[PDB]
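Single chain ahead, by itself, as structure tokens, in the form deposited in one PDB entry.
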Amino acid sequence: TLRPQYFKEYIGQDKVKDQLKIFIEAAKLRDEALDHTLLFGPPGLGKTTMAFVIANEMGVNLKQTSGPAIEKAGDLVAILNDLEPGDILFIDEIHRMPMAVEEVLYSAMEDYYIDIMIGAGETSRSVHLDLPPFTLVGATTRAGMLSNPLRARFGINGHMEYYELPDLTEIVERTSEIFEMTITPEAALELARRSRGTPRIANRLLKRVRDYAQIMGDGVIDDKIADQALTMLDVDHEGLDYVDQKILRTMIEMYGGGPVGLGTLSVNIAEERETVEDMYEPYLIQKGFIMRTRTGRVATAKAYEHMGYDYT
């Protein structure tokens, strides 16, 4: 597989990687299970990969499932019963399961036992089941989406974040050897700068640039070739996609920078309003190209000069 197997191989995330090393080894000295851990952050940063690294460092076999895969308490209780001391359970999209399940997860996490109440009408009894010690790992895209009482049970937080140019260049250079591709240290930097911090975007661009170099060139990805290929893919030198450029161009030419409402903008370009606000605005906001106001979105001065228009 392309994903790393140990912290020595895992590139980037120095903060998260440094913290987990201390917490993992401290648990070994006491010969006890690691505390419940929550990983969160933008998609594609390596959350799923990190879960396997933790299990390998602990020396346990990982168990994996997902939010939509669990639908009734019997599902979770069955999975929990089939555990061995120290087993690690990974639940992706932990925030999407039904609340009827959360009612049981609380005591499982905190008490390591469940007590199934049973009876009808006046009758009421319960049976308690012991659970072997386990470590839960959850992952989400946002921290606040998680249930407030559930979030309080996670004793370790892991905030993932975008990679920097040095780390992405090391990733780009490595992957190229798997394809038997010759890439210069300069070309690998251009692709890195334009991948906007996401490892799978860089890998997806590299696969596409390879095809161009094998036809419009001599199979060597040069700086001169990568620049021609990236303009053929319609990827801006700031990493703006085809749709990203369409949004900014429309605001400047048709509305003088706004303000403009989401409904008007989403109808001018043939897009669904749920797409614009979820996929594209988050990047343009963090990078400072668009700002939100009660009257609508506005194109900042930075955006005006990048697109190449005379500012007011």
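Rigid core (definition): largest C-alpha set, two forms, superposition within 1.5 Å. Residue positions are given as counts along the sequence shown, with the first one as 1.
Another form exists, deposited in another entry; not displayed. Remarks below refer to it.
- Core-aligned CA deviation for residue 49 between the shown form and the other one: less than 2 Å.
- The Cα position of residue 275 differs by 2 Å or more between the shown form and the other one after fitting on the rigid core.
- Remark: with the core as the superposition reference, the CA shift of residue 211 between the shown form and the other one reaches 2 Å or more.
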